[PDB]
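Residue numbers (our numbering), protein chains in the order written: chain X, 643 to 648; chain P, 384 to 597; chain L, 103 to 319. All residues carry an ideal CB built from backbone N, CA and C; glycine is no exception. Structure record follows, encoded as structure tokens.
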Amino acid sequence: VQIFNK
Amino acid sequence: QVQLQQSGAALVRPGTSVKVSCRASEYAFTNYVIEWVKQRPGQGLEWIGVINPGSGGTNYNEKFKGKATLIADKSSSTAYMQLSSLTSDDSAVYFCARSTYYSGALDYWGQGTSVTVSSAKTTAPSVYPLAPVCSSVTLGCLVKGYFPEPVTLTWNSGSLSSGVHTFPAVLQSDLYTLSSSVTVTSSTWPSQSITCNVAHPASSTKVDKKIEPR
Amino acid sequence: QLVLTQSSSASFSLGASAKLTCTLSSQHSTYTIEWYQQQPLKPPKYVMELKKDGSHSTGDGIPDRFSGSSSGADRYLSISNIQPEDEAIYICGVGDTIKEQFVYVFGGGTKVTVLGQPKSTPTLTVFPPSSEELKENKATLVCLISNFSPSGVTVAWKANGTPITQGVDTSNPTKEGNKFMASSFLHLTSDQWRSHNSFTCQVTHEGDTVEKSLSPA
Ligand SMILES: [Cl-]
Ligand SMILES: [Cl-]
Ligand SMILES: [Cl-]
Ligand SMILES: [N+]
Ligand SMILES: [N+]
């Protein structure tokens, strides 16, 4: 899965 | 209204460090992340890193660990990037851009900060007035031998804006040369003082050259 | 790891349909990418978010001619009427969090050249050395080149019919509106300047040649 966690 | 205002052009000597600044306007700084990108030499972009302004959380491109240092200060809504031990490779346009904490989109970008890395002699331009050559007349301005970029050229300090064309600078042996032209009516000049104004921030100089008839 | 792949250059007859390819590393075939538009001395522009279902979500300022589709590991930017203004570098971006670390990766960019466009031929503005510069026994001749498209030019200088290579500095084109501008300077001594009957700025653009000359008299 793609994760955007900033 | 959403605006990212970046610091001005900076001349960094090799082996030194530079601080570039990105100030946010018309949005809540802590609600978004600030990301930094380098303009590649021929075409393309190179991601440097991101700062989470509320947490101080930084991620970097592997290549910029130990080179870049991202900081953000909630008070003044401003983000800063420090680049260290700079070489000519670090000479480039660096951009700040805004993104959500949930998506990859860099939706609003800054104007860019142009960094020049060189040991070259800071030199203030020599400005020459160019009279018409041989109802209307094209006057000109020569800006010879200046380092670094940028300069700012206006005519009558921005008062004479109509019919101005300021052409790209040439580079030769760490000295830049540039010219500008302006077409005015026979009734404006030589009856009125027309000046080519050249401000060079790195030399703290400003020269106003009156174009004078032959 | 996460790698976006594009061809460097693509050309499209003005008015035709353009389809640009940004292929994703096979391990990440389901990822959501962004399109960006890079034009000269301007900050990069956000174009769209493009998901795997072909769903697109274009940014402010973007015309309908811009569309988006997906075909597996291939993300596509479609421009229906390729206009002169669409001429730009198109770059795709992708984000992922490996471990707890956020990365963003750009592709190499696709420089799009719109073909079949009608040309604009340069007009020339030449300046002799100032009296002031001549007093230092130096003479800069100035050639200002306006209103050309495409960008590509070659500048030469002549001293009475004979080429001169030394002291010639020529700029790169830059964009002013829909066309381009450039500059060439010829660096002489005040003697060389006074000792010839003419000097000539010669610009060559798309098969055409433009020349404006100066005399010390
Ligand atoms: Cl610093
Ligand atoms: Cl005159
Ligand atoms: Cl392509
Ligand atoms: N004016
Ligand atoms: N200045």
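Q | Straight-line gap, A393 (chain P) to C517 (chain P) (C-alpha atoms, nearest Å) | A | Position 10 of the second sequence, counting from 1, holds the residue named residue 393 (chain P). Position 134 of the second sequence, counting from 1, holds the residue named residue 517 (chain P). Taking C-alpha positions only, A393 (chain P) is separated from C517 (chain P) by approximately 41 angstroms.
Q) Expressed to the nearest angstrom, what Euclidean distance is found between the alpha-carbon atoms of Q140 (chain L) and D155 (chain L)? A) Residue mapping note: residue 140 (chain L) aligns to position 38 of the third sequence, counting from 1. Residue mapping note: residue 155 (chain L) aligns to position 53 of the third sequence, counting from 1. So the alpha carbons of these two residues sit roughly 26 angstroms apart.
Q: With DSSP as the reference, please indicate the residues paired to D456 (chain P) in a beta bridge.
A: If you number the second sequence from 1, residue 456 (chain P) lands on position 73. In the DSSP output, where bridge partners are listed per residue, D456 (chain P) has P:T461.
Q: Give a yes or no on whether 8 angstroms exceeds the smallest Cβ distance from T134 (chain L) to chain X.
A: The count along the third sequence starts at 1 and reaches residue 134 (chain L) at position 32. Closer than 8 angstroms to some Cβ of chain X, the Cβ of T134 (chain L) qualifies, so yes.
Q.
ligand 3 and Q465 (chain P): does the residue's C-beta get closer than 7 angstroms to at least one heavy atom of that ligand?
A. Walking along the second sequence from the start, residue 465 (chain P) turns up at place 82. Within the chosen limit of 7 angstroms, ligand 3 does not reach the beta carbon of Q465 (chain P) with any heavy atom.
Q: Quick one: give me the first and last residue of the beta strand (DSSP E) that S519 (chain P) is part of.
A: Here residue 519 (chain P) is taken as the residue at index 136 of the second sequence, counted from 1. Membership of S519 (chain P) in the beta strand (DSSP E) is indicated by the continuous run 519 to 529.
Q: Would you mind reading off the limits of the beta strand (DSSP E) that contains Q304 (chain L)?
A: Position 202 of the third sequence holds residue 304 (chain L). Looking at the DSSP string, the run of the beta strand (DSSP E) that includes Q304 (chain L) is 301 to 307.
Q: Kindly identify the DSSP beta-bridge partner or partners of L126 (chain L).
A: Here residue 126 (chain L) corresponds to residue number 24 of the third sequence, with the count starting at 1. Answer is L:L106.
Q: List in chain order: all unbroken beta strand (DSSP E) runs of 3+ residues lying wholly within the stretch 467 to 510 of chain P.
A: Every beta strand (DSSP E) of 3 residues or more that sits fully in the stretch 467 to 510 of chain P is shown, in chain order, as 475 to 482, 489 to 492, 496 to 500.
Q: Measure from the alpha carbon of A112 (chain L) to the alpha carbon of each residue in L:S253, L:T215, L:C245, L:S317, then state which is nearest.
A: Taking the third sequence and counting its residues from 1, the one referred to as residue 112 (chain L) is at position 10. Ranked by how close their Cα comes to the Cα of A112 (chain L), the residues L:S253, L:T215, L:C245, L:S317 have L:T215 in first place.
Q. Do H298 (chain L) and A261 (chain L) have their CB atoms nearer than 8 angstroms?
A. Locating residue 298 (chain L) in the third sequence gives position 196, where the first residue counts as 1. Locating residue 261 (chain L) in the third sequence gives position 159, where the first residue counts as 1. The Cβ atoms of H298 (chain L) and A261 (chain L) sit closer than 8 angstroms to each other.
(Q) Buried or exposed for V420 (chain P), going by 16 or more other Cβ atoms inside 10 Å? (A) The residue given as residue 420 (chain P) occupies position 37 in the second sequence. Answer is buried; the Cβ neighbour count reaches 16.
Q: Kindly list the residues whose CB is nearer than 7 angstroms to the CB of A258 (chain L), restricted to its own chain and excluding five residues on each side of it in sequence; keep chain order.
A: Taking the first residue of the third sequence as position 1, residue 258 (chain L) is located at position 156. Excluding sequence neighbours, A258 (chain L) sits near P265, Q304.
Q. Can you give the beta carbon distance from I184 (chain L) to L116 (chain L), rounded, assuming they're within the 8 angstroms contact cut?
A. For the purposes of this step, residue 184 (chain L) is taken as residue 82 along the third sequence, with counting starting at 1. For the purposes of this step, residue 116 (chain L) is taken as residue 14 along the third sequence, with counting starting at 1. The Cβ separation is near 6 angstroms, so the contact holds.
Q. The beta strand (DSSP E) with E418 (chain P) in it runs from where to where?
A. In the second sequence, residue 418 (chain P) corresponds to position 35, counting from 1. Residue range 416 to 422 is occupied by the beta strand (DSSP E) that includes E418 (chain P).
Q: Could you name each continuous alpha helix (DSSP H) segment of 4 residues or more that falls completely within the stretch 267 to 300 of chain L, going from the start of the chain to the end?
A: The qualifying runs are 292 to 297.
Q) Residues of chain L with a CB under 7 angstroms from the CB of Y511 (chain P): which are they? A) Indexing the second sequence from 1 puts residue 511 (chain P) at position 128. From the beta-carbon of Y511 (chain P), the residues of chain L found nearer than 7 angstroms are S232, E234, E235.
Q | Residues of the stretch 432 to 455 of chain P whose Cβ lies closer than 8 angstroms to any Cβ of chain X, in chain order | A | Those would be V433, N435, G440, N442, in chain order.
**Q.** 7 angstroms Cβ shell around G218 (chain L) - same chain, five flanking residues per side excluded
**A.** Numbered from its first residue, the third sequence carries residue 218 (chain L) at position 116. Closer than 7 angstroms at the Cβ level, and outside the excluded window around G218 (chain L), lie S115, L116.
Q.
Would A451 (chain P) and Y463 (chain P) qualify as a contact pair, given that the criterion is a beta-carbon distance under 8 angstroms?
A. Along the second sequence, one-based indexing puts residue 451 (chain P) at 68. Along the second sequence, one-based indexing puts residue 463 (chain P) at 80. No, Cβ-Cβ distance for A451 (chain P) and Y463 (chain P) is not below 8 angstroms.
Q) How is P584 (chain P) classed by DSSP in three states: helix, strand or coil? A) Your numbering for residue 584 (chain P) matches position 201 in the second sequence. Three-state result, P584 (chain P): helix.
**Q.** Close beta carbons around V476 (chain P), own chain, < 6 angstroms, minus the five adjacent residues each side
**A.** Along the second sequence, read from residue 1 onward, the residue named residue 476 (chain P) stands at position 93. Closer than 6 angstroms at Cβ, skipping near neighbours: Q422, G495, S497.
Q: Grab me the residues of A241 (chain L)'s own chain with a C-beta within less than 6 angstroms of its C-beta, minus the 5 sequence neighbours each way, in chain order.
A: Position 139 of the third sequence, counting from 1, holds the residue named residue 241 (chain L). Counting only Cβ-Cβ distances below 6 angstroms, and skipping sequence neighbours, we find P231, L290, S292, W295.
(Q) Between which residues of its own chain and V416 (chain P) is the CB-CB distance below 8 angstroms, once the five residues before and five after are set aside? (A) Stepping through the second sequence from its first residue, residue 416 (chain P) is reached at position 33. Closer than 8 angstroms at Cβ, skipping near neighbours: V433, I434, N435, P436, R481, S482, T483, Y484.
Q: Take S586 (chain P) and list the residues in its own chain whose beta-carbon comes closer than 6 angstroms to its own, dropping the five residues that flank it on each side.
A: For the purposes of this step, residue 586 (chain P) is taken as the residue at position 203 of the second sequence. The beta carbon of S586 (chain P) sits closer than 6 angstroms to the beta carbons of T505, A507 from its chain, once the five residues preceding and following it are set aside; these are given in chain order.
Q. Taking the alpha carbon of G493 (chain P) as the point to measure from, which residue in L:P220, L:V244, L:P145 has its own alpha carbon closest?
A. Counted from its first residue, the second sequence places residue 493 (chain P) at position 110. Ranking the options by Cα distance to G493 (chain P), first place goes to L:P145.
Q) Span of the alpha helix (DSSP H) holding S233 (chain L)? A) Counting from one through the third sequence, the residue named residue 233 (chain L) turns up at place 131. Counting along the chain, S233 (chain L) sits inside the alpha helix (DSSP H) bounded by residues 233 to 236.
Q: Could you have a look at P186 (chain L) and say whether DSSP puts it in helix, strand or coil?
A: For the purposes of this step, residue 186 (chain L) is identified with residue 84 of the third sequence, where counting begins at 1. Note: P186 (chain L) maps to helix in three-state DSSP.
Q | Those residues, in chain order, that have a beta-carbon closer than 7 angstroms to some heavy atom of ligand 6 | A | Ligand 6 is not among the ligands present in this structure, which contains only ligand 1, ligand 2, ligand 3, ligand 4 and ligand 5.
Q | From L:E278, L:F168, L:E235, residue whose alpha carbon lies closest to that of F250 (chain L) | A | Stepping through the third sequence from its first residue, residue 250 (chain L) is reached at position 148. When each option's Cα is compared against that of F250 (chain L), the closest is L:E278.
**Q.** Residue closest to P424 (chain P), alpha-carbon to alpha-carbon, out of P:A411, P:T413, P:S438, P:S471
**A.** Numbered from 1 along the second sequence, position 41 holds the residue referred to as residue 424 (chain P). Among P:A411, P:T413, P:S438, P:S471, the Cα nearest to that of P424 (chain P) is on P:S471.
Q | Secondary structure, alpha helix (DSSP H): runs of 4+ residues fully inside the stretch 208 to 268 of chain L | A | Counting only runs of 4 or more, we get 233 to 236.
Q. Excluding five sequence neighbours on each side, which residues of the same chain lie with their C-beta closer than 6 angstroms to the C-beta of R406 (chain P)?
A. One-based indexing of the second sequence puts residue 406 (chain P) at position 23. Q388, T461.
(Q) I need the DSSP call for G163 (chain L), collapsed to helix, strand or coil. (A) Numbered from 1 along the third sequence, position 61 holds the residue referred to as residue 163 (chain L). For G163 (chain L), the secondary structure class from DSSP, reduced to helix, strand or coil, is coil.
**Q.** Cβ contact (3+ pairs, closer than 8 angstroms) linking the stretch 554 to 565 of chain P and the stretch 522 to 539 of chain P
**A.** Between the stretch 554 to 565 of chain P and the stretch 522 to 539 of chain P there are three or more C-beta pairs closer than 8 angstroms, enough to call the two in contact.
Q: Check each candidate in P:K446, P:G439, P:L466 and name the one with the smallest Cα separation from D456 (chain P).
A: Within the second sequence, residue 456 (chain P) is the residue found at index 73, counting from 1. Of the candidates P:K446, P:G439, P:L466, P:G439 places its Cα closest to the Cα of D456 (chain P).
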